[PDB]
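Each remark here refers to the structure printed beneath this line.
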Amino acid sequence: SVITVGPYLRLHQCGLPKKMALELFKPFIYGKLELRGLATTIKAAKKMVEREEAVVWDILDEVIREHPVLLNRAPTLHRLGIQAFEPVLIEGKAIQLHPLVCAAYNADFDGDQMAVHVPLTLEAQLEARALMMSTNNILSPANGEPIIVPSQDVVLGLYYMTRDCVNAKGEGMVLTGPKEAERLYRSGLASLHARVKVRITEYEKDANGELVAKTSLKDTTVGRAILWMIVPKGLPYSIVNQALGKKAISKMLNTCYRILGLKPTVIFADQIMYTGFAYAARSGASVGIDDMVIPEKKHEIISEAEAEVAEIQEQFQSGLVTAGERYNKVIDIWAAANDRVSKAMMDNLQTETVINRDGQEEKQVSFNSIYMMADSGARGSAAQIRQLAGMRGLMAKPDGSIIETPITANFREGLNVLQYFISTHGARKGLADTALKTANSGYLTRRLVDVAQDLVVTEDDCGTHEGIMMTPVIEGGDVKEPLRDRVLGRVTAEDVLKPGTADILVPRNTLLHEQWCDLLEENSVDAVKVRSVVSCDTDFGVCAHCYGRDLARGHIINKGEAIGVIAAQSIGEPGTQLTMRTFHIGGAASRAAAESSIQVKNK
Amino acid sequence: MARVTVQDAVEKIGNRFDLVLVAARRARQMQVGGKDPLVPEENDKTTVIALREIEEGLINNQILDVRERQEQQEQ
Amino acid sequence: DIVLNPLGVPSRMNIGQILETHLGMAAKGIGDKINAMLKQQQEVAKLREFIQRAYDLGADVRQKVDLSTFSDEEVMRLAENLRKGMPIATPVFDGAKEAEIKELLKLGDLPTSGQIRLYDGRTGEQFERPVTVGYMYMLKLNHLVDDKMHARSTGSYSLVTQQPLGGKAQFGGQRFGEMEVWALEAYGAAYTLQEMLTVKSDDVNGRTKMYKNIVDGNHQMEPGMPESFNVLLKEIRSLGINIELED
Amino acid sequence: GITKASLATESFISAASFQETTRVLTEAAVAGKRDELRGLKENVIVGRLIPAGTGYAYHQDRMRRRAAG
Amino acid sequence: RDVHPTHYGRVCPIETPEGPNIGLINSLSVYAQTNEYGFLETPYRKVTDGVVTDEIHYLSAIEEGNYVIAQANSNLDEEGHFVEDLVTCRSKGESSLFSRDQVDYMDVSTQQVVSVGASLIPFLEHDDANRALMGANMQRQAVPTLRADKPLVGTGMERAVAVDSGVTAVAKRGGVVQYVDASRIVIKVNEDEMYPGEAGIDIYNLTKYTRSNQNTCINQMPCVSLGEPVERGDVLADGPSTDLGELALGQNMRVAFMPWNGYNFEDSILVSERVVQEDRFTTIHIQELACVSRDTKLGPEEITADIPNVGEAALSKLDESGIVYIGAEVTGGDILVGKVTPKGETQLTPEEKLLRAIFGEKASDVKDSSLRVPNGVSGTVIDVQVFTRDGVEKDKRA
Amino acid sequence: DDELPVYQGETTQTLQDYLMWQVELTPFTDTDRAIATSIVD
Amino acid sequence: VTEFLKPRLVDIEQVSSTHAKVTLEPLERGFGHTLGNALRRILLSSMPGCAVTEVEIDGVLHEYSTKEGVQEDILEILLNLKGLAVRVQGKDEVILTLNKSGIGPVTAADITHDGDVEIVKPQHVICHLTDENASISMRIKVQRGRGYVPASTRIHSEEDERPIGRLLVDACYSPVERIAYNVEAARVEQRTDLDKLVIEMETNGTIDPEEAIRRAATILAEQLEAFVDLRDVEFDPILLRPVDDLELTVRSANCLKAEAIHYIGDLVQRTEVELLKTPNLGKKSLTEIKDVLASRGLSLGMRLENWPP
Amino acid sequence: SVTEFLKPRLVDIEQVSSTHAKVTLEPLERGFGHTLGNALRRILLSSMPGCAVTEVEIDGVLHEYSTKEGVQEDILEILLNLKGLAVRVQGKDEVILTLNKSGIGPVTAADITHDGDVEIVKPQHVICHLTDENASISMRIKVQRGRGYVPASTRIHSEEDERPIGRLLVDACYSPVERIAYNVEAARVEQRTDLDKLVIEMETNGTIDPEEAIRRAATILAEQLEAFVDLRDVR
């Protein structure tokens, strides 16, 4: 059936359309009917569910109770693409899917359709509870980092709740508990502000298996306080005190999972979802053409650039700067013009909105709608704003070139017949990439699967001392991947040494986790020897100390998992979004820098 | 008593794949016949009953083995 | 009437939407003036004056219609025809500028910004921050779930391969394809995978035993060997190759 | 090099169903090779549990039947 | 697939199927036409000196590149000279500014690049082209509703499409309206336009509810009043999804932009119950079902009155002839027409003679073969046709 | 072959098929099921 | 001397037949908004009403047909009747009829007058007649109600099917339409911070405002009852037939009574391997009870559920 | 069936400790969840009779920030502890208490002078921990009756005209209710699916039974509308 949103309905549940079950569950129903004694014979049962009156709906509820169903969508790319839920019957023709899982499924609500399947037996039901229910797996068994992460209006609401603002009545009150709900709901106050000092208990995990209460009065805001009612003990207050954007919230469920485990985090998520929606809705967040603010400077920069390029083309009329070099030249002009118009609009939409306590300008971060939307991390990006307010920029000709005259218009002012017709080139060229990308992607995953399936994970330990030496990835333009991110999880081949001679921080082989990675982070160790698969721990299996973290649940991988296929779908799942082929990614000029002179960022 | 999360019963027996085997072998007994639950029924299905008894530490591979040897010896 | 999510609009960069709403707002506004005017039994002359004054607004705009050419009724007619809103028409790339939209909109005593204070309906409380409200012109597409929702439990099969039939209307069951198996394998859930493959598609004796045990409350599988394998073995025997299953 | 490496798998049933079926079956028919059913695709196509996961338990039980006799 | 620079006012760069045939299936642009040789040519205004003459010339793609052509949207004066001395133009595969005296042509209207589909979409500038590209495709797959609302903001194009599409009833040779009604509309034509000796008036029979290929209604409803003058070209009726000669594919709705409790999340959409009460967005659907009665090896087949093994309950909605009364509400496997198929030669032995004696054989070898409604379908019977054979002596209600 | 609607079949149900389906689901013993299968043909 | 103050309904002002205002003068600090909001939701939610429900007309057999010499489709006429607003006295069913002939519009005044039935707009249009010789006759059925009840839902009544030619229409009932309110400072100057609530209603002309307000607050006040005091904190297997009437002759009945078996069910669930061994049964009586109980019940097993006695 | 509406048949109460309570009523007409809940909530926090500390008089330092002779706690925190103190008051609207304590160890609420009208719920609430030395503390706490929550935005600021110095008015929490949150869930009766299950989550400081507080607010709102029900079903 078609998917709609689930905006109550906790994570492990799933709105299943009333009419549609009653079919799926037929055999089950007839069983119950014959037990209660409402039908002596199969034809009787059959007839009453055909007539579908009365007792039958009552028994349907009794049938469905705790019986996990499983939903599946479309291209199934990774194993997350099918998950299992407790249904809740709902009159309707469509299936309600909780928001949080929309990530995994890669599903919006524009007319996507889900299949539903019914586990029978017992074994299957248990495999659905203890494997595919959406509350087992909150972490992506590729990168390891959480999925489930709140998106889109949840983000916008948390980000609105926690802000600072100048003035906004009831500022500098001192209150305790807070609870502070009192005061937002009652008026009395504005949650964006006041920079209210509130007293708070912490409950740190400082002591092993015990929560030590620490309380104090902190300077914070009302909506911070309000939001603190959700956070389940064991975490610091400092996690909720900040602008709290998208990133922030992934990190916050990450820390929660790591510190206090699965059970309180899967609830904690829910709660976050709810308070997000809530508040975001209260905020009244909207969008209006005045929300797109074109900087006054734009006209001036474009005129200056029209004059420069005029100078160079007149030099071409004089014989100088042949069109060969003049092309790259004019590209270098209009692109710098792009960057300057961009910088102007970004400077204008951030900051400003200057409120006044006695000094008339404290110069606060803007509360502009589109700005908040990009800033929150909810929708969109700076680049995407620049299309609405500053220049569109240089257009890519379908042959992989750049047109000399870029589009000077944002979408707030419209495009010209000519410029729109030019935009078209690249639009369609890019639509037609997603086709190709599906086919080639899938063929790739097909082959990867095919090769990798026999891998199993059989023996527990192997005992091989071979391994791979692990370092940072440093290159020009500092380092992209830090050595903790590479060496996390895994396991250690031979030992590690402190920067001092004959000093070991880890024995033998060890599982390396967030704590051990903090040990290695605080010391000067720039290389760590780590054992891994492909060093052929054991025979057929790839034993678990190679390998060594399952991702997903953060413990080490248990014996008997696949690994094969997980890898293949982990590799292959991405690449749906990829540059594909035939791009030079030049950006500036075809001619190389030609400077062999090195440079350093730091000392 | 619907179980949202199995972790508590997974600490009892490592590797959930094992849990599923033990859960269903224990639930089968109550489902088909020739057993009664060790835990008060909350109206829930037999599967959740079984996982609860595993989370309580009353049932496990060893315990089901000892009960099997006891029932075979008593018969 | 209908509430839609701002967060669509920046990422997708379709701003026709927003300008549509605003000019729509301003379009209803004029018809509200005229509605209220005819409903108060105003004279024909004043009504003529406000419609004439409406049509002629904007820079340039090339449409010169004026009244006084058509008289008495004909004007009452049209005004009753536009009671429900004034139909403003913006051609493709010479269309109306924002400036003309705010101008049109000030004639309707609507706020220039096109956003308005709205109140919650449950709590009665004002939303913080104003909100864009506006007439946008919707469509209903030919996709309806009445045509979509399917659901089967046990139906007719295929003579060869003995699997369920393709689609709705014919009651398909629902392809469970190779990627979908891969995902289960990846979970390591082999029973669910094993009842998919067999019992609930091509195992004939096992589908029966399955459904009879379900009706009886057994929930146990008794898996067998799927038809379609047997077929394959005959089709390879049809070349001069034997393939036999050795114990 | 991963397609070469699929087609070269010991089990003639997988890799037959990957790519090239004619070729595969001719190498296998002339050679007289037995499948052993030891991977996941074979088990699927025969319809039995997969040596992984929940069924992994059950493929040890049967494997101990082969070693013990 | 790609847009080539000669598709300028010939095909369209926006309207194209988004599916895996992409750029393959294109749509003619507005003012596009075709030569005797089969080539796409497109109009331009002729510019002599720096004044724009109102003579237009159709240029083919080879003819076009030789010349200089100005821009659709550019300035101009009462005299016809360009305001700005440097005018953005096209030459050959390119575009750039040229002097006033260089350019000999001009684009006519701004609609040239865009196809009719997209020529309908307001504010199409502000839209990205791909996203414009969807919406152009989506206005096709809309579905006409019970009452047609004129779009409140629009391009101007709607009159053409409506009346060109030929779904409206348009008045030829017009005059005052003699008689009006739902299904019929006659015009008493002016004495001026008439063929001598024919005299008389013009009649128009409107089409009431009629399946469409996509099983949707086609319905014409008269615009004109009575005793009203009509000229040639004025619309007498509106087809479906038409209001007074405009193309009205959807409804206007008062929209508010703001997140509301997660109900509008992702790309979903929350609606007031008002809308559902007031029945905008309610759409009709007419579905055809046919019964045919034919000659087998075992002899002819007859339709109804009466059937074996069938209750009076089921037969209550049928007629003397066996077809359902026009007007019946039919659900589920109610019998729409009944029909009998004879079997082979049942003769003798006491049991056969006994069943024939007790029940009068109940037409004996005939079977139950009838036109029952498909399960899970519903609706009243709006019309029945019943085409017969010559010399069958049909009688009954045929 | 496959991927098309070849005339593979419908597998319809006659009366004997349906009666046998009805026997499958009723509490017959091992023998009584043999008599039942003996009668439905 | 805190106490409170109770508002009073005063200064109802009637702008038109539809539009009205009602003002509640003496309200405290936060009661404005309280009662304003509540009242609004009770007003728009529920309020009683009289809507057309069934229309049957001489021409036309279903809704998609057209009548000769009316301009409209019968659909459109249904929708115009939809919109007809009318009040009535005690009688909830109220069938009414209208006839007419000749050229011109058919308004609501054409409805044959009834004592207790009162049309609020006589000028409301229904159809038209294009020429003489055409008539309309129809019988409209107007009943009282509360929410929005569609035609499609209300057919659950089932029983005898309504005859052909009876058109059913969606009933919208509640007249209240739109409702606003605002609260504003009171002028009494006896005590400042007193404010007052005005409510603006627009209805179809059916409801008087004071009765509207009145009802609303009665509904609300009756709705708070359990808040005033918070307190505290069949299906059977179809057959009890004594085994005596099954005609077991002599032996089988007594062998069934030896196990202290009453009625059926307690007997019906046993495996023949369990029953086969008791004294006096033998192989014959088992087939005897197999034949007797083969009829009717057929069962000879289930796990069932429980027992009433 | 007109004018006949549903009443809740469940009205269940489930409580944590003494002062936290969660009541569910089911069913309700669709739309009534929000209605009744929002009204009750609105009332509880806006308006409700109670009494709190509206001023405190401390010896020595009259500034809002000071050393306060080494109490170890800034007087912001003392005033804040005095804000969450629960007090019962008789007929008389205004009453002032005094407390004097010396020695070592925390200052509880038991050291306050005992009067017949004033009733303290728990001594457990601590005003200050003072400091270890020979040192004392003397202060006059002030309580009066009130309604709602009146901050130090006004609280009769008196415009600096106060004769006997002191002051430093404290935000006074009158309405004895701490958190109220309602919530609205699907209920079903027979085949009708859309109904309302209202949930009230209510946490109170003390001095009043939560459920009985609910009761009270209902009587206030009911008492407002009693003007209007006089026409329909008055008796």
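Identifiers for the structure tokens are assigned positionally: chains receive A, B, ... in sequence, residues are indexed from 1 per chain, and ligands are indexed from 1 in the order shown.
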List as a compact mmCIF listing (two decimals) with N, CA, C and O atoms, in the first residue's frame the protein and nucleic acid residues near residue E:82, meaning an atom at most 10 Å away when only C-alpha atoms are counted, but skip any in the same chain fewer than 4 places from it.
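What follows is the written file out_16.txt:
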# COMPACT_ATOMS: atom_id res chain seq x y z
N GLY E 50 16.86 49.56 -37.78
CA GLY E 50 16.76 49.15 -36.36
C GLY E 50 15.31 49.27 -35.91
O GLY E 50 14.99 49.49 -34.72
N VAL E 51 14.40 49.23 -36.88
CA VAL E 51 12.97 49.18 -36.57
C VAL E 51 12.50 47.81 -36.87
O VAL E 51 12.95 47.15 -37.80
N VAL E 52 11.58 47.37 -36.03
CA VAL E 52 11.04 46.03 -36.08
C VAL E 52 9.74 46.05 -36.89
O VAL E 52 8.74 46.70 -36.52
N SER E 74 13.11 41.83 -24.46
CA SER E 74 13.98 42.96 -24.56
C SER E 74 13.11 44.20 -24.68
O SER E 74 11.87 44.17 -24.90
N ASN E 75 13.81 45.32 -24.50
CA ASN E 75 13.18 46.61 -24.54
C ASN E 75 12.82 47.05 -25.98
O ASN E 75 13.13 46.35 -26.97
N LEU E 76 12.15 48.19 -26.05
CA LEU E 76 11.69 48.68 -27.32
C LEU E 76 10.93 50.01 -27.17
O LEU E 76 10.60 50.41 -26.06
N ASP E 77 10.71 50.71 -28.29
CA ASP E 77 10.11 52.05 -28.29
C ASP E 77 8.91 52.08 -29.19
O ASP E 77 8.73 51.13 -29.99
N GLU E 78 8.10 53.14 -29.05
CA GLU E 78 6.95 53.34 -29.93
C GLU E 78 7.35 53.36 -31.42
O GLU E 78 6.62 52.85 -32.28
N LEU E 86 23.31 47.94 -26.89
CA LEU E 86 23.84 46.54 -26.99
C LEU E 86 22.77 45.51 -26.60
O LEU E 86 22.25 45.52 -25.49
N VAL E 87 22.35 44.71 -27.57
CA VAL E 87 21.21 43.80 -27.44
C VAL E 87 21.68 42.42 -27.48
O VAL E 87 22.43 42.06 -28.42
N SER E 99 25.48 45.05 -31.58
CA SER E 99 24.95 46.38 -31.90
C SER E 99 23.52 46.36 -32.44
O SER E 99 23.02 45.31 -32.93
N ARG E 100 22.89 47.53 -32.36
CA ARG E 100 21.50 47.74 -32.84
C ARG E 100 21.23 47.43 -34.30
O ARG E 100 20.20 46.73 -34.66
N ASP E 101 22.22 47.77 -35.10
CA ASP E 101 22.10 47.59 -36.53
C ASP E 101 22.40 46.16 -37.02
O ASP E 101 22.08 45.82 -38.17
Interface list for chain C, partner chain A, 6 Å threshold, only C-alpha atoms, as an NGL selection string:
:C and (6 or 11 or 127-129 or 131 or 148-149 or 151 or 153 or 179 or 183 or 186 or 189 or 191-192 or 215-216 or 219-220)
Counting only C-alpha atoms, which residues of chain F sit at most 9 Å from some atom of chain G, and what is each one's closest atom pair with its distance in Å to one decimal, listed by chain and rising residue number, as a tab-separated table?
residue	atom	partner	partner_atom	distance
F:26	CA	G:299	CA	8.1
F:27	CA	G:301	CA	6.7
F:28	CA	G:300	CA	8.7
F:29	CA	G:272	CA	8.6
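Omitting residue F:7 and its sequence neighbours fewer than 2 positions away, and counting only C-alpha atoms, the residues within 10 Å are residues 158, 159 and 160 of chain C; 4, 5, 9 and 10 of chain F.
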Those of stretch 173-235 of chain G in DSSP helix (DSSP H, G or I), formatted as a list in words:
residues 209, 210, 211, 212, 213, 214, 215, 216, 217, 218, 219, 220, 221, 222 and 223 of chain G
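Residues with any atom within 7 Å of residue E:222, counting only C-alpha atoms and excluding same-chain neighbours fewer than 3 positions away, are residues 182, 236, 237 and 238 of chain E.
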Using the selection just defined, write its residues with N, CA, C and O atoms as a PDB file, in the first residue's frame.
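Everything below was put into again_39.pdb:
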ATOM      1  N   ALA E 182     -30.016  20.776 -19.961  1.00  0.00           N
ATOM      2  CA  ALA E 182     -28.881  19.903 -19.780  1.00  0.00           C
ATOM      3  C   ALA E 182     -28.368  19.114 -21.011  1.00  0.00           C
ATOM      4  O   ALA E 182     -27.104  19.164 -21.320  1.00  0.00           O
ATOM      5  N   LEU E 236     -20.749  27.120 -26.045  1.00  0.00           N
ATOM      6  CA  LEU E 236     -21.986  26.793 -25.421  1.00  0.00           C
ATOM      7  C   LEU E 236     -21.856  25.859 -24.139  1.00  0.00           C
ATOM      8  O   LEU E 236     -22.409  26.148 -23.137  1.00  0.00           O
ATOM      9  N   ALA E 237     -21.088  24.778 -24.172  1.00  0.00           N
ATOM     10  CA  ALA E 237     -20.833  23.940 -22.983  1.00  0.00           C
ATOM     11  C   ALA E 237     -19.453  23.829 -22.496  1.00  0.00           C
ATOM     12  O   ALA E 237     -18.593  24.224 -23.240  1.00  0.00           O
ATOM     13  N   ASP E 238     -19.274  23.343 -21.254  1.00  0.00           N
ATOM     14  CA  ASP E 238     -17.968  23.025 -20.751  1.00  0.00           C
ATOM     15  C   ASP E 238     -17.770  21.448 -20.616  1.00  0.00           C
ATOM     16  O   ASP E 238     -18.563  20.687 -20.110  1.00  0.00           O
TER      17      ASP E 238
END
Taking only C-alpha atoms into account, produce a table as a tab-separated table in which each residue of chain A with an atom at most 7 Å from an atom of chain H appears once, together with its shortest atom pair and the distance in Å to one decimal, ordered by chain and rising number.
residue	atom	partner	partner_atom	distance
A:175	CA	H:80	CA	6.8
A:182	CA	H:179	CA	6.8
A:186	CA	H:46	CA	6.6
Using only C-alpha atoms, find the residues of chain F whose closest atom to chain C is at most 8 Å away, then write them as a PyMOL selection string.
chain F and resi 8-12+24-25
Quick one: DSSP strand (DSSP E) residues in stretch 344-460 of chain A, as JSON, numbers by chain?
{"A": [396, 397, 401, 402]}
Tell me which protein, DNA and RNA residues are within 10 Å of stretch 296-309 of chain E, counting only C-alpha atoms, leaving out same-chain ones fewer than 5 positions away, and put them as a PyMOL selection string.
chain E and resi 291+315+318-323+337-345+361-370
Residues from the last selection, N, CA, C and O atoms, saved as a compact mmCIF listing (two decimals), in the first residue's frame:
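Once written, part.txt looks like this:
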# COMPACT_ATOMS: atom_id res chain seq x y z
N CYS E 291 -21.47 -8.45 -21.40
CA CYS E 291 -22.03 -9.89 -21.36
C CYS E 291 -22.33 -10.21 -22.76
O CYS E 291 -22.92 -9.38 -23.50
N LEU E 315 -32.15 -12.48 -7.61
CA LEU E 315 -32.85 -12.17 -8.87
C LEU E 315 -33.77 -11.01 -8.76
O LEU E 315 -34.46 -10.68 -9.74
N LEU E 318 -33.18 -7.88 -11.11
CA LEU E 318 -33.19 -8.07 -12.56
C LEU E 318 -34.54 -7.72 -13.11
O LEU E 318 -35.48 -7.42 -12.38
N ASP E 319 -34.62 -7.75 -14.42
CA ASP E 319 -35.85 -7.43 -15.12
C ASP E 319 -36.51 -8.73 -15.66
O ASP E 319 -35.97 -9.87 -15.46
N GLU E 320 -37.68 -8.55 -16.30
CA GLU E 320 -38.38 -9.54 -17.10
C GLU E 320 -37.39 -10.12 -18.12
O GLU E 320 -37.39 -11.29 -18.44
N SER E 321 -36.61 -9.24 -18.71
CA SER E 321 -35.63 -9.68 -19.70
C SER E 321 -34.37 -10.14 -19.07
O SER E 321 -33.69 -10.90 -19.71
N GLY E 322 -34.04 -9.74 -17.86
CA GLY E 322 -32.85 -10.31 -17.11
C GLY E 322 -31.64 -9.36 -16.92
O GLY E 322 -30.81 -9.51 -16.03
N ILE E 323 -31.51 -8.36 -17.77
CA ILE E 323 -30.70 -7.20 -17.47
C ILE E 323 -31.20 -6.34 -16.22
O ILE E 323 -32.40 -6.26 -15.95
N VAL E 337 -26.34 -9.58 -15.55
CA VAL E 337 -27.23 -10.17 -16.64
C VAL E 337 -27.10 -11.66 -16.40
O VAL E 337 -25.95 -12.16 -16.18
N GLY E 338 -28.18 -12.44 -16.51
CA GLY E 338 -27.93 -13.93 -16.32
C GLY E 338 -27.94 -14.66 -17.66
O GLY E 338 -28.25 -14.10 -18.63
N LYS E 339 -27.51 -15.89 -17.77
CA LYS E 339 -27.35 -16.43 -19.10
C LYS E 339 -27.24 -17.99 -18.85
O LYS E 339 -26.90 -18.43 -17.82
N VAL E 340 -27.61 -18.83 -19.79
CA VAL E 340 -27.64 -20.28 -19.56
C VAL E 340 -26.78 -20.96 -20.67
O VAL E 340 -26.85 -20.58 -21.83
N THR E 341 -25.97 -21.95 -20.34
CA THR E 341 -25.18 -22.70 -21.31
C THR E 341 -25.58 -24.20 -21.22
O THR E 341 -25.35 -24.87 -20.19
N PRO E 342 -26.18 -24.75 -22.26
CA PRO E 342 -26.68 -26.17 -22.15
C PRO E 342 -25.51 -27.21 -22.18
O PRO E 342 -24.46 -26.95 -22.86
N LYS E 343 -25.66 -28.33 -21.46
CA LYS E 343 -24.70 -29.43 -21.45
C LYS E 343 -25.19 -30.62 -22.28
O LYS E 343 -26.28 -30.59 -22.85
N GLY E 344 -24.40 -31.68 -22.35
CA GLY E 344 -24.82 -32.82 -23.18
C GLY E 344 -25.80 -33.84 -22.62
O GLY E 344 -25.54 -34.38 -21.58
N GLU E 345 -26.91 -34.09 -23.32
CA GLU E 345 -27.63 -35.37 -23.28
C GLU E 345 -27.70 -36.13 -21.94
O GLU E 345 -27.00 -37.11 -21.67
N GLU E 361 -37.14 -30.37 -14.02
CA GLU E 361 -35.77 -30.40 -14.61
C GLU E 361 -35.04 -29.07 -14.44
O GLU E 361 -33.81 -29.02 -14.54
N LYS E 362 -35.80 -28.00 -14.15
CA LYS E 362 -35.29 -26.63 -14.02
C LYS E 362 -34.36 -26.29 -15.17
O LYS E 362 -33.18 -25.92 -14.96
N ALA E 363 -34.90 -26.46 -16.39
CA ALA E 363 -34.19 -26.25 -17.65
C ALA E 363 -32.99 -27.21 -17.83
O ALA E 363 -32.26 -27.11 -18.85
N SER E 364 -32.78 -28.11 -16.84
CA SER E 364 -31.85 -29.22 -16.96
C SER E 364 -30.41 -28.82 -17.25
O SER E 364 -29.79 -28.17 -16.39
N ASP E 365 -29.90 -29.14 -18.45
CA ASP E 365 -28.47 -29.05 -18.75
C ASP E 365 -27.84 -27.66 -18.68
O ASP E 365 -26.63 -27.54 -18.74
N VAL E 366 -28.66 -26.60 -18.55
CA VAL E 366 -28.13 -25.25 -18.52
C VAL E 366 -27.23 -25.05 -17.26
O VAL E 366 -27.32 -25.81 -16.27
N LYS E 367 -26.33 -24.09 -17.32
CA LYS E 367 -25.43 -23.83 -16.22
C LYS E 367 -25.67 -22.33 -15.82
O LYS E 367 -26.60 -21.63 -16.25
N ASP E 368 -24.81 -21.86 -14.94
CA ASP E 368 -25.10 -20.71 -14.12
C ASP E 368 -24.53 -19.42 -14.69
O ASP E 368 -24.83 -18.35 -14.09
N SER E 369 -23.74 -19.59 -15.79
CA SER E 369 -22.96 -18.54 -16.52
C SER E 369 -23.64 -17.24 -16.69
O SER E 369 -24.62 -17.26 -17.27
N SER E 370 -23.16 -16.18 -16.07
CA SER E 370 -23.88 -14.91 -16.01
C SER E 370 -22.79 -13.81 -15.86
O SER E 370 -21.54 -14.07 -15.76
Using only C-alpha atoms, which protein or nucleic acid residues come within 6 Å of stretch 17-34 of chain C? Drop anything in the same chain fewer than 5 positions from it, and give the result as a PDB file with C-alpha atoms, in the first residue's frame.
ATOM      1  CA  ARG C  83     -17.603  37.433  -6.441  1.00  0.00           C
ATOM      2  CA  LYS C  84     -15.535  34.301  -5.477  1.00  0.00           C
ATOM      3  CA  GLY C  85     -12.172  35.784  -6.445  1.00  0.00           C
ATOM      4  CA  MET C  86     -10.739  37.973  -9.210  1.00  0.00           C
ATOM      5  CA  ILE C 101       1.854  41.826  -6.381  1.00  0.00           C
ATOM      6  CA  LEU C 105      -2.342  43.267  -2.530  1.00  0.00           C
ATOM      7  CA  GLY C 108      -7.225  44.416  -0.591  1.00  0.00           C
ATOM      8  CA  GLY C 114       1.903  38.180   2.614  1.00  0.00           C
ATOM      9  CA  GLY C 134      -2.504  32.212   0.446  1.00  0.00           C
ATOM     10  CA  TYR C 135      -4.655  30.623  -2.100  1.00  0.00           C
ATOM     11  CA  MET C 136      -2.632  27.831  -4.028  1.00  0.00           C
TER      12      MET C 136
END
Restrict the distance test to only C-alpha atoms, flag each residue of chain A within 9 Å of chain G, and return the flagged residues as a ChimeraX atom specification.
/A:34-41,55
Measuring between only C-alpha atoms, which one of E:256, E:221, E:11, E:177 shows the shortest distance to chain C?
E:256
Which value, in Å to one decimal, gives the distance between atom CA of residue E:159 and atom CA of residue E:246?
4.8 Å
For residue H:30, please output as a PyMOL selection string all residues within 9 Å (counting only C-alpha atoms; exclusion window: fewer than 4 positions along the same chain).
(chain G and resi 45) or (chain H and resi 34+194-196)
Filtering to N, CA, C and O atoms, could you give me those residues as a short mmCIF file (atom, residue, chain, number, x, y, z; two decimals), in the first residue's frame?
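What ended up in out.cif:
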data_model
loop_
_atom_site.label_atom_id
_atom_site.label_comp_id
_atom_site.auth_asym_id
_atom_site.auth_seq_id
_atom_site.Cartn_x
_atom_site.Cartn_y
_atom_site.Cartn_z
N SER G 45 -17.75 22.15 16.81
CA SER G 45 -17.79 20.71 16.89
C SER G 45 -19.23 20.21 16.79
O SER G 45 -19.57 19.38 15.96
N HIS H 34 -8.57 17.69 23.60
CA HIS H 34 -7.93 18.98 23.64
C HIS H 34 -8.63 20.06 24.40
O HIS H 34 -7.99 20.95 25.02
N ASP H 194 -12.86 6.67 15.95
CA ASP H 194 -12.22 7.95 16.32
C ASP H 194 -12.86 8.51 17.62
O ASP H 194 -14.13 8.94 17.65
N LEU H 195 -12.07 8.44 18.71
CA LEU H 195 -12.48 8.98 19.97
C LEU H 195 -11.31 9.49 20.69
O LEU H 195 -10.23 9.64 20.04
N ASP H 196 -11.53 9.91 21.95
CA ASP H 196 -10.45 10.59 22.62
C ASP H 196 -10.23 9.93 23.93
O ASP H 196 -11.17 9.85 24.67
#
